[PDB]
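Step one of this worksheet: look at the structure below.
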Amino acid sequence: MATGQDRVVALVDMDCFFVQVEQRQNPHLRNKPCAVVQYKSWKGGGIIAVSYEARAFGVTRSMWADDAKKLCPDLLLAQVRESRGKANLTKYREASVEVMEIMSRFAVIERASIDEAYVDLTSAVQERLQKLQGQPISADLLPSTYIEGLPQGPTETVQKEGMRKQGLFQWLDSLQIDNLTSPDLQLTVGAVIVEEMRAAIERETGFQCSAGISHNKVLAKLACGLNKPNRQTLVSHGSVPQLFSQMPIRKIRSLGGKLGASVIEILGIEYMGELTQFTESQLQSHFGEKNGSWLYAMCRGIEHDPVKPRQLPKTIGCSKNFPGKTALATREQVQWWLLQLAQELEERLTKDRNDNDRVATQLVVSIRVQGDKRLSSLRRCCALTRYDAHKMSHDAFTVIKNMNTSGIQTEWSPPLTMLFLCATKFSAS
DNA sequence: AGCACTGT
DNA sequence: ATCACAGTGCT
Ligand SMILES: Nc1nc2c(ncn2[C@H]2C[C@H](O)[C@@H](COP(=O)(O)NP(=O)(O)OP(=O)(O)O)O2)c(=O)[nH]1
Ligand SMILES: [Mg+2]
Ligand SMILES: [Mg+2]
């Protein structure tokens with residue numbers, strides 16, 4: 001804990017998740033360059049998930065499918081289901097629940113996104129350590145594990161699986177010889193458990209995933225990306241100095257945006273490791289007490305954000321953009337789409353209440369007007385008393401109708417480029 | 001409470 | 001003209 005080695009934390013991330021879901025359903029897509037796309041009409045659809053075969057051609061997320069086909073002519077495409085005029089992600093939310101439920105059998109999980117979850121293995125590691133007590137850890141228990149930073153020094157060596165094994169052997173040889181620390185043993189056992197977790201996910205869903213194992217959430221997530229796909233990486237406390245010495249600051253979670261850019265600009269540094277030069281007080285003065293404290297500890301491999309026990313989303317939301325000439329202008333238009341959104345929301349809320357024994361109590365309504373730089377022009381709350389689509393849509397209209405700045409009966413102005421309904425403030429029931 | 005930021 | 005979500009922190 002003084003060196004931030006009290007916990008064993010893992011981050012599991014499903015490999016090209018939406019693709020895997022579609023590839024499981026359509027075997028003709030397996031082991032092929034493939035992507036998942038929503039809305040075929042505009043340039044073949046926007047790509048939101050890309051198999052690794054397709055990545056090898058340069059296909060990326062946030063790319064029009066027509067442009068993707070220019071890079072990858074044999075690219076196959078699965079379409080997001082469309083329901084009530086909009087993209088419907090239910091299939092991937094259900095697939096995500098399959099996975100989370102398996103992970104819960106092993107430990108406390110924090111659902112971080114639709115396709116990844118943090119795991120706190122600290123207690124499971126102790127449990128496992130007293131079983132087989134004193135018995136050595138065989139390389140056969142870690143068949144897909146990389147040890148970041150290894151192999152090193154002097155004493156297969158040209159291909160990747162050979163590299164992995166050498167690094168693992170070096171790690172395990174130093175373990176059983178007492179040349180490593182107690183937290184290093186714990187991470188190793190954590191990694192044995194994460195192998196079993198990943199094998200169970202694949203056996204029971206067909207989905208492959210990658211994992212990071214380390215002492216905190218940031219290092220776990222960083223480690224998870226070092227060896228994708230279908231592999232897991234152990235980032236020990238001792239590997240942090242070399243790992244961070246050339247790690248771009250933007251690669252650390254929460255520094256990929258404006259804050260990270262201002263750390264680079266204000267301090268004149270490029271890599272996470274350079275942050276160790278500064279005093280905590282110096283970092284607090286530039287970035288605030290909380291950010292400074294977090295940065296001072298994080299650049300040394302230390303962070304204390306806990307794995308929250310939260311397997312379910314906190315909100316259930318429903319949105320649609322209306323770009324360009326499709327922006328909503330008549331009142332009958334806003335009311336029709338508000339109803340479409342409200343109807344999908346009701347279905348999902350009803351399923352939620354039956355599955356998870358809880359009810360939302362607040363309806364958040366957000367819109368965007370044509371010509372606003374910000375992603376949201378107005379957010380407004382109202383009570384959510386019944387799971388009734390028509391009420392929610394009327395209430396959503398009631399709380400935005402004052403945005404219309406026009407006189408004509410059947411006209412809305414300025415036109416709306418975005419509607420968003422969100423149920424929140426869940427309570428047991 | 002409304003908003004900005006950050007992430008998948 | 002990507003888009004559809006979702007969580008956290010500030011004031
Ligand atoms: N609509 C939309 N969906 C997204 C976006 N980013 C991700 N998703 C959806 C699609 C993704 O399938 C899922 C998980 O996102 P990741 O873990 O960041 N990428 P993946 O799991 O696909 O591949 P790997 O993890 O091996 O890099 O969330 C986005 O910008 N937009
Ligand atoms: Mg993923
Ligand atoms: Mg992910």
Side-chain angles (χ1 to χ4, degrees), chain A residues 10-26 29-40 42-65 67-68 75-83 86-100 103 109-119 144 146 194 197-198 201-202 205-212 217-218 220-233 250-254 256-257 313 317-321 323 344 418 420:
Chain A
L11 182 279
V12 182
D13 188 288
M14 307 312 298
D15 301 329
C16 46
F17 182 47
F18 289 17
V19 166
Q20 280 201 101
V21 168
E22 299 291 340
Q23 285 176 325
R24 184 178 72 175
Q25 187 186 292
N26 190 346
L29 306 176
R30 294 175 186 185
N31 305 124
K32 270 131 153 45
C34 170
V36 176
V37 94
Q38 48 186 27
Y39 308 132
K40 286 308 257 251
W42 192 265
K43 307 204 157 74
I47 296 188
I48 59 169
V50 191
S51 82
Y52 280 79
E53 293 79 344
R55 293 176 197 193
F57 289 87
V59 181
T60 65
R61 166 184 282 96
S62 98
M63 184 186 274
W64 298 117
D67 301 337
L75 177 72
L76 303 178
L77 297 177
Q79 261 192 100
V80 176
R81 171 189 304 150
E82 281 177 62
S83 200
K86 68 181 291 292
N88 171 15
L89 304 173
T90 293
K91 186 199 303 182
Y92 318 107
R93 294 198 182 92
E94 290 180 357
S96 177
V97 168
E98 292 184 55
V99 174
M100 305 286 170
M103 290 189 293
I109 76 164
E110 181 186 338
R111 185 191 196 274
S113 74
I114 195 172
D115 96 297
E116 59 206 77
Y118 290 95
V119 195
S144 63
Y146 286 77
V194 173
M197 220 171 74
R198 295 181 45 247
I201 292 166
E202 182 177 7
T205 70
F207 304 139
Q208 289 176 344
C209 56
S210 296
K217 290 210 278 185
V218 166
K221 188 191 179 49
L222 196 61
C224 183
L226 290 177
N227 292 284
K228 265 172 165 287
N230 197 37
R231 298 289 185 276
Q232 61 182 62
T233 305
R250 66 178 175 278
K251 305 300 186 191
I252 272 62
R253 194 203 65 181
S254 79
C318 209
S319 50
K320 182 157 170 42
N321 290 349
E344 181 195 339
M418 193 265 296
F420 172 57

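Residue numbering restarts at 1 for every chain, and letters A, B, ... go by the order of the sequence lines. Remember, it's 1-based here, ligands and their atoms both numbered in the order they're listed.
From the protein, the heavy atom lying nearest to atom 9 (C) of ligand 1 is A/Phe18 CZ, 3.8 Å. For atom 1 (N) of ligand 1, the closest non-hydrogen atom of the protein is A/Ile48 CG2, 3.2 Å. In this structure, atom 15 (O) of ligand 1 lies nearest to the protein heavy atom A/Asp115 OD1, 3.6 Å.
Only the side chain of A/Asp13 comes within 4.0 Å of ligand 1, counting heavy atoms alone; its backbone N, CA, C and O stay farther away. At a heavy-atom distance under 4.0 Å, only side-chain atoms of A/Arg55, from C-beta outward, approach ligand 1.
Look at A/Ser113 and the Mg ion (ligand 2): no N/O/S atom of the residue is under 2.8 Å from the metal.
Here the N, O or S atom of A/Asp115 that is nearest to the Mg ion (ligand 2) is OD2. Restricting A/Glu116 to its N/O/S atoms, the shortest distance to the Mg ion (ligand 3) is reached by OE1. Taking the N/O/S atoms of A/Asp13 in turn, the shortest distance to the Mg ion (ligand 2) belongs to OD1.
Which parts of ligand 1 touch A/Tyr52 is read off a 4.0 Å heavy-atom cut-off, strictly below it: atoms 24 (P), 26 (O), 27 (O). Short contacts between ligand 1 and A/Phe17, defined as distances under 4.0 Å to a heavy atom of the residue, involve ligand atoms 12 (O), 20 (P), 21 (O), 22 (O).
Although no hydrogens or angles enter the test, the distance criterion places a donor-acceptor pair under 3.5 Å between the side chain of A/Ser51 and the main chain of A/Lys32. Between the side chain of A/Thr205 and the main chain of A/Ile201, a donor-acceptor pair closer than 3.5 Å is present. Using a distance-only test at 3.5 Å, with no hydrogens or angles considered, no donor-acceptor pair links the side chain of A/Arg111 to the main chain of A/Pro313.
For the pair A/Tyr92 and ligand 1, no heavy-atom separation below 4.0 Å is found.
Of all the listed residues (A/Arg61, A/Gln38, A/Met14), A/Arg61 holds the heavy atom that lies closest to atom 11 (C) of ligand 1.
In terms of polar-atom proximity, defined here as any N/O pair under 3.5 Å, A/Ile114 makes no such contact with ligand 1. Residue A/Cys16 has at least one N or O atom closer than 3.5 Å to an N or O atom of ligand 1.
Both the sub-6.0 Å distance and the 45° axial angle are satisfied by A/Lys320 relative to the ring of A/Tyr39.
Put simply, the side chain of A/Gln232 does not reach to within 4.5 Å of the side chain of A/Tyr146, judged on heavy atoms. Put simply, the side chain of A/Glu22 reaches to within 4.5 Å of the side chain of A/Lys91, judged on heavy atoms. A 4.5 Å side-chain heavy-atom check between A/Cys224 and A/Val12 finds every atom pair outside the cut-off.
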With side chain to side chain donor-acceptor pair (under 3.5 Å) as the criterion, how do A/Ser210 and A/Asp15 come out once you've worked through the C-alpha distance, each side chain's angles and the decisive distance to 0.1 Å? CA-CA 7 Å; A/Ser210 296; A/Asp15 301 329; 3.0 Å; yes
Start with the C-alpha gap between A/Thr60 and A/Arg55, add the side-chain angles, then the distance that decides, and say whether side-chain contact (heavy atoms from CB on, under 4.5 Å) holds. CA-CA 6 Å; A/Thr60 65; A/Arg55 293 176 197 193; over 6 Å; no
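Aromatic pair A/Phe207/A/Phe17: centroids less than 6.0 angstrom apart.
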